[PDB]
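Okay, structure first, notes after.
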Amino acid sequence: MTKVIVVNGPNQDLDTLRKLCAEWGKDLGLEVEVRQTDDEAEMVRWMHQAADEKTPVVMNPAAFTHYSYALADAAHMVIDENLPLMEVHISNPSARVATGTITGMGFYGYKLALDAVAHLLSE
Amino acid sequence: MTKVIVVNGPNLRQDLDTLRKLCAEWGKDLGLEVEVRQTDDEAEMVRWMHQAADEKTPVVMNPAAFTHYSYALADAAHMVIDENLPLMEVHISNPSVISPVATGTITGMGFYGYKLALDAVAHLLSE
């Protein structure tokens, strides 16, 4: 049972997402924890922790649209450990630092990100 | 089995054959009948998208080496999504006004990105 962390940036839904992610993870042999923070420094700490603990990461940067140099470095650190780092965006962008990206599938994008993590771990 | 078409641009035989087999099998497991096509001509991709709109077929598109799009392609894409048909966009690797207004986009997962796109389509068909 591989531990995987789903981390969300700024901008209720967390409980709903936790339930869905726990269930999706269980079906994939993953133990999934979901967290959320408005503090980029905390997100950076969580990334460093993931690298230490060897836990794949699913990240929805949300309101962190501008990766600080620190967050970009932390993301590179996770990738450099050969850990999957899946980036999820719930909505599509309008015309008006990751292993792979999933955009526009609502919360189902997290399910696909977990599938991707399980696939990369089985290689 | 719901028919789904996977359309690819130029410069993604062995690789396309592998992709085709994988899509066929992934589709089968999800109750989808999946056909995979490739073209170097954007006008042919437009014709395929028109056919998809006509036949009500979900589309998975990898524009591949097509870096810019014609208005005809953008229009064909709008017609597909306006019929509530998914137009999933897949990029093998990680990376506009004229755009295919994709329903959703998957990047960086190599061929596995297509499996994820198919899963997304099948999920919409679930009760």
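Going through the structure tokens in order, the chains are called A, B, and so on, while each chain numbers its residues from 1 and the ligands are numbered from 1 in the order shown.
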
### Task
Pick out the residues sitting within 7 Å of range 6-9 of chain A, and hand them over as a ChimeraX atom specification; count only C-alpha atoms, and ignore anything fewer than 3 positions along from it in its own chain.
/A:33-38,57-64

Keeping only N, CA and C atoms, write those residues as a short mmCIF file (atom, residue, chain, number, x, y, z; two decimals), in the first residue's frame.
data_model
loop_
_atom_site.label_atom_id
_atom_site.label_comp_id
_atom_site.auth_asym_id
_atom_site.auth_seq_id
_atom_site.Cartn_x
_atom_site.Cartn_y
_atom_site.Cartn_z
N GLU A 33 -3.68 10.52 1.08
CA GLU A 33 -3.95 11.56 2.04
C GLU A 33 -4.14 12.83 1.25
N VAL A 34 -5.13 13.63 1.62
CA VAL A 34 -5.42 14.87 0.93
C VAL A 34 -5.22 16.03 1.88
N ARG A 35 -4.49 17.04 1.43
CA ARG A 35 -4.22 18.23 2.23
C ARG A 35 -4.45 19.49 1.41
N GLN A 36 -4.63 20.61 2.11
CA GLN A 36 -4.81 21.89 1.46
C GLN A 36 -4.14 22.96 2.27
N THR A 37 -3.53 23.91 1.57
CA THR A 37 -2.88 25.05 2.23
C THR A 37 -2.93 26.30 1.37
N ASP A 38 -3.01 27.43 2.05
CA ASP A 38 -2.96 28.72 1.42
C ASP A 38 -1.53 29.28 1.48
N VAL A 57 3.31 12.53 -5.51
CA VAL A 57 2.55 13.72 -5.24
C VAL A 57 1.56 14.04 -6.37
N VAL A 58 0.32 14.35 -6.01
CA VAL A 58 -0.68 14.90 -6.92
C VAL A 58 -0.89 16.33 -6.42
N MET A 59 -0.61 17.31 -7.26
CA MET A 59 -0.73 18.70 -6.85
C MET A 59 -1.69 19.49 -7.70
N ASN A 60 -2.61 20.17 -7.05
CA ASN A 60 -3.46 21.14 -7.70
C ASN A 60 -2.99 22.47 -7.17
N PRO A 61 -2.20 23.20 -7.96
CA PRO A 61 -1.62 24.46 -7.50
C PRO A 61 -2.68 25.52 -7.19
N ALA A 62 -3.86 25.37 -7.77
CA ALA A 62 -4.97 26.28 -7.54
C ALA A 62 -4.50 27.73 -7.70
N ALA A 63 -4.64 28.55 -6.65
CA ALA A 63 -4.27 29.97 -6.73
C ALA A 63 -2.76 30.25 -6.80
N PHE A 64 -1.93 29.23 -6.63
CA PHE A 64 -0.49 29.40 -6.84
C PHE A 64 -0.27 29.30 -8.35
#

### Task
Taking only C-alpha atoms into account, report as a PyMOL selection string which residues of chain A lie within 10 Å of chain B.
chain A and resi 86-106+108-109+111-113+115-116+119-120

### Task
Extract the full set of strand (DSSP E or B) residues from chain B according to DSSP on the backbone, and format it as a list in words.
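Strand (DSSP E or B) assignments inside chain B correspond to residues 2, 3, 4, 5, 6, 7, 8, 32, 33, 34, 35, 36, 37, 38, 59, 60, 61, 62, 87, 88, 89, 90, 91, 104, 105, 106 and 107 of chain B.
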
Can I get the selected residues back with N, CA and C atoms, as a tab-separated table (two decimals), in the first residue's frame?
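Done, and the output landed in part04.tsv:
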chain	number	residue	atom	x	y	z
B	2	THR	N	-19.34	1.63	-27.31
B	2	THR	CA	-19.48	2.98	-27.89
B	2	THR	C	-18.24	3.29	-28.77
B	3	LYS	N	-18.48	3.72	-30.00
B	3	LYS	CA	-17.38	4.05	-30.90
B	3	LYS	C	-16.71	5.36	-30.49
B	4	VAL	N	-15.37	5.34	-30.47
B	4	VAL	CA	-14.53	6.51	-30.16
B	4	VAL	C	-13.41	6.55	-31.19
B	5	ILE	N	-13.09	7.74	-31.70
B	5	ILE	CA	-12.01	7.87	-32.67
B	5	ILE	C	-10.84	8.63	-32.05
B	6	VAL	N	-9.64	8.11	-32.27
B	6	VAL	CA	-8.39	8.74	-31.82
B	6	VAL	C	-7.73	9.24	-33.09
B	7	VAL	N	-7.51	10.54	-33.16
B	7	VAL	CA	-6.90	11.15	-34.34
B	7	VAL	C	-5.56	11.82	-33.96
B	8	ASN	N	-4.53	11.51	-34.74
B	8	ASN	CA	-3.20	12.01	-34.51
B	8	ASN	C	-2.67	12.78	-35.70
B	32	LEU	N	-15.61	0.54	-25.00
B	32	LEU	CA	-15.44	1.46	-26.10
B	32	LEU	C	-14.82	0.74	-27.28
B	33	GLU	N	-15.32	1.01	-28.48
B	33	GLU	CA	-14.75	0.48	-29.71
B	33	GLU	C	-13.88	1.61	-30.26
B	34	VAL	N	-12.57	1.47	-30.14
B	34	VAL	CA	-11.64	2.56	-30.48
B	34	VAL	C	-10.84	2.35	-31.74
B	35	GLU	N	-10.94	3.31	-32.65
B	35	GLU	CA	-10.18	3.31	-33.90
B	35	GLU	C	-9.11	4.39	-33.79
B	36	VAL	N	-7.93	4.11	-34.31
B	36	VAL	CA	-6.82	5.07	-34.26
B	36	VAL	C	-6.37	5.40	-35.68
B	37	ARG	N	-6.32	6.70	-35.97
B	37	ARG	CA	-5.90	7.18	-37.27
B	37	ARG	C	-4.82	8.24	-37.13
B	38	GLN	N	-4.02	8.39	-38.19
B	38	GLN	CA	-2.98	9.41	-38.23
B	38	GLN	C	-2.95	10.06	-39.60
B	59	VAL	N	-14.13	12.03	-29.53
B	59	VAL	CA	-12.82	12.19	-30.16
B	59	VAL	C	-11.70	12.35	-29.14
B	60	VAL	N	-10.59	11.67	-29.40
B	60	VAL	CA	-9.36	11.89	-28.66
B	60	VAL	C	-8.38	12.40	-29.72
B	61	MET	N	-7.82	13.58	-29.51
B	61	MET	CA	-6.92	14.19	-30.51
B	61	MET	C	-5.53	14.48	-29.96
B	62	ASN	N	-4.50	14.02	-30.68
B	62	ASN	CA	-3.13	14.42	-30.40
B	62	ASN	C	-2.68	15.19	-31.62
B	87	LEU	N	-14.04	16.03	-26.74
B	87	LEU	CA	-12.88	16.20	-27.60
B	87	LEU	C	-11.73	16.26	-26.61
B	88	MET	N	-11.08	15.12	-26.39
B	88	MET	CA	-10.01	15.06	-25.42
B	88	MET	C	-8.72	15.34	-26.12
B	89	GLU	N	-7.86	16.16	-25.53
B	89	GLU	CA	-6.58	16.46	-26.16
B	89	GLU	C	-5.47	15.77	-25.37
B	90	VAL	N	-4.59	15.06	-26.08
B	90	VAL	CA	-3.48	14.35	-25.47
B	90	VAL	C	-2.17	14.80	-26.10
B	91	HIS	N	-1.19	15.11	-25.24
B	91	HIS	CA	0.18	15.43	-25.67
B	91	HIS	C	1.09	14.41	-25.04
B	104	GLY	N	-10.97	18.39	-22.27
B	104	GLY	CA	-9.97	18.22	-21.23
B	104	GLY	C	-8.66	17.89	-21.91
B	105	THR	N	-7.57	18.06	-21.20
B	105	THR	CA	-6.23	17.85	-21.76
B	105	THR	C	-5.36	17.03	-20.83
B	106	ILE	N	-4.62	16.08	-21.41
B	106	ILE	CA	-3.71	15.22	-20.67
B	106	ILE	C	-2.36	15.34	-21.32
B	107	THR	N	-1.35	15.70	-20.54
B	107	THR	CA	0.02	15.84	-21.10
B	107	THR	C	1.07	15.08	-20.30

### Query
Which residues, written as a list in words, have at least one atom at most 8 Å from residue 65 in chain B, with only C-alpha atoms counted and residues fewer than 2 positions away on the same chain left out?
residues 9, 10, 11, 12, 63 and 67 of chain B

#### Entry: DSSP helix (DSSP H, G or I) residues within range 25-54 of chain A, as a list in words
residues 25, 26, 27, 40, 41, 42, 43, 44, 45, 46, 47, 48, 49, 50, 51, 52 and 53 of chain A

### Query
Residues at most 8 Å from residue 85 in chain B, counting only C-alpha atoms, excluding those fewer than 3 positions away in the same chain, as a PyMOL selection string?
chain B and resi 53+56-59+80-82

Next, write the just-selected residues to a file, as a short mmCIF file (atom, residue, chain, number, x, y, z; two decimals), in the first residue's frame, keeping N, CA and C atoms as the atom set.
data_model
loop_
_atom_site.label_atom_id
_atom_site.label_comp_id
_atom_site.auth_asym_id
_atom_site.auth_seq_id
_atom_site.Cartn_x
_atom_site.Cartn_y
_atom_site.Cartn_z
N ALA B 53 -18.61 14.64 -35.61
CA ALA B 53 -19.81 15.41 -35.26
C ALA B 53 -21.08 14.79 -35.89
N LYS B 56 -21.77 11.36 -34.13
CA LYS B 56 -21.84 11.48 -32.68
C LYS B 56 -20.79 10.60 -32.00
N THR B 57 -19.56 10.70 -32.46
CA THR B 57 -18.45 9.92 -31.95
C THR B 57 -17.50 10.76 -31.09
N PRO B 58 -17.29 10.38 -29.81
CA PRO B 58 -16.29 11.08 -29.02
C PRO B 58 -14.94 10.99 -29.72
N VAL B 59 -14.13 12.03 -29.53
CA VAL B 59 -12.82 12.19 -30.16
C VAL B 59 -11.70 12.35 -29.14
N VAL B 80 -17.95 19.67 -32.53
CA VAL B 80 -17.93 18.42 -31.75
C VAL B 80 -18.36 18.71 -30.30
N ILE B 81 -17.71 19.66 -29.65
CA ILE B 81 -18.04 19.93 -28.25
C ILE B 81 -19.44 20.54 -28.09
N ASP B 82 -19.91 21.30 -29.09
CA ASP B 82 -21.25 21.87 -29.02
C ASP B 82 -22.35 20.80 -29.07
#

Determine, counting only C-alpha atoms, which protein, DNA and RNA residues have an atom within 9 Å of an atom of residue 72 in chain A; residues of the same chain fewer than 4 positions away are not included. Present the result as a PDB file with N, CA, C and O atoms, in the first residue's frame.
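Writing the result to out-v9.pdb gives the following:
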ATOM      1  N   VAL A  44       5.743  24.133   0.032  1.00  0.00           N
ATOM      2  CA  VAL A  44       7.147  23.828  -0.202  1.00  0.00           C
ATOM      3  C   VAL A  44       7.629  22.794   0.827  1.00  0.00           C
ATOM      4  O   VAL A  44       8.276  21.820   0.459  1.00  0.00           O
ATOM      5  N   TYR A  67       4.471  29.969  -9.711  1.00  0.00           N
ATOM      6  CA  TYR A  67       5.354  29.182  -8.864  1.00  0.00           C
ATOM      7  C   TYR A  67       6.520  30.062  -8.419  1.00  0.00           C
ATOM      8  O   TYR A  67       7.221  30.632  -9.256  1.00  0.00           O
ATOM      9  N   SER A  68       6.717  30.209  -7.114  1.00  0.00           N
ATOM     10  CA  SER A  68       7.883  30.925  -6.640  1.00  0.00           C
ATOM     11  C   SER A  68       9.060  30.073  -7.072  1.00  0.00           C
ATOM     12  O   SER A  68       8.887  28.920  -7.480  1.00  0.00           O
ATOM     13  N   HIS A  76      11.004  20.262  -8.631  1.00  0.00           N
ATOM     14  CA  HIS A  76      12.122  19.596  -9.313  1.00  0.00           C
ATOM     15  C   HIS A  76      12.730  18.559  -8.418  1.00  0.00           C
ATOM     16  O   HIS A  76      13.122  17.481  -8.873  1.00  0.00           O
ATOM     17  N   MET A  77      12.821  18.870  -7.131  1.00  0.00           N
ATOM     18  CA  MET A  77      13.401  17.940  -6.148  1.00  0.00           C
ATOM     19  C   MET A  77      12.614  16.627  -6.111  1.00  0.00           C
ATOM     20  O   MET A  77      13.200  15.546  -6.083  1.00  0.00           O
ATOM     21  N   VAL A  97       8.082  21.182 -14.080  1.00  0.00           N
ATOM     22  CA  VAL A  97       7.645  21.148 -12.693  1.00  0.00           C
ATOM     23  C   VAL A  97       6.558  20.086 -12.448  1.00  0.00           C
ATOM     24  O   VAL A  97       5.920  20.063 -11.394  1.00  0.00           O
TER      25      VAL A  97
END

### Counting only C-alpha atoms, the option among B:73, B:16, B:125, B:23 closest to residue 41 in chain B
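Looking only at the distances to residue 41 in chain B, the closest residue turns out to be B:73.
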
### Task
Between B:1, B:83, B:43, B:51, single out the one closest to residue 28 in chain B, counting only C-alpha atoms.
B:1
